[PDB]
């Protein structure tokens, strides 16, 4: 049978993202909108900085900016925590360590509000260098493909996730961002606790030629794998 969580994702779902951020005291807000099509693992989103100029590079926020839209193969359906927690939702927490620089800590609440999948995020960044690659804006506007590794965390009725992102720096080098993540259901109901597996991401960043506000257009495809 198809679960109630699965059923919510069988079509195209509107997405709303709202973030409040503070990185080394630079305060900013971002709003995002678009659509997710989980059957195809497809995300299409546009983000706008509503407070003026974004004080960090847009690529550093890509991972923060709805893993319930991942395409899970039929044979791996019993391993899809994210959809199983819906519609009541889940809280995602991350620490993201930028090598030789500062760190972000994020808390995101992801749930349905009517037909819209909403993610409300608070991001706090500290210990950044004033002329490091982040606050000095030295990162290229592009994105590499990566795998995201998932395991159950029974004691929390959720999952633990870890992965490394390599951001290309303008001089040809790379800025590593080590991600540690936990997700916990908001409701008290049963969720699917997965066997170890991963999600494969591909991402493309672009600009809306008619948009004068600071913004990012993101197209992402996400597929679960590792169990066959």
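Numbering follows the first chain given and starts at 1.
Deposited sequence between residue 201 and residue 202: no residues lack coordinates (chain continuous). The PDB entry records a higher mean C-alpha B factor for 1-9 than for its counterpart among 217-225 and 1-9. Looking at 172-180 and 188-196 together, the entry lists the larger mean B-factor for 188-196, computed on C-alpha atoms. Per the PDB entry, 151 shows the highest C-alpha temperature factor of the residues 96, 139, 110, 151. The top Cα temperature factor in the record, among 30, 62, 66, 56, falls on 56.
The PDB entry assigns residue 103 a C-alpha temperature factor belonging to the lowest third of its chain's modelled residues.
Remark: residue 48 belongs to the lowest third of its chain, ranked by C-alpha B-factor as recorded. Sorting the modelled residues of the chain by their CA temperature factor places residue 120 in the middle third. Residue 21: CA B factor lies in the middle third for its chain, per the PDB record. Among all modelled residues in this chain, the alpha-carbon of residue 76 has a temperature factor (C-alpha) in the highest third.
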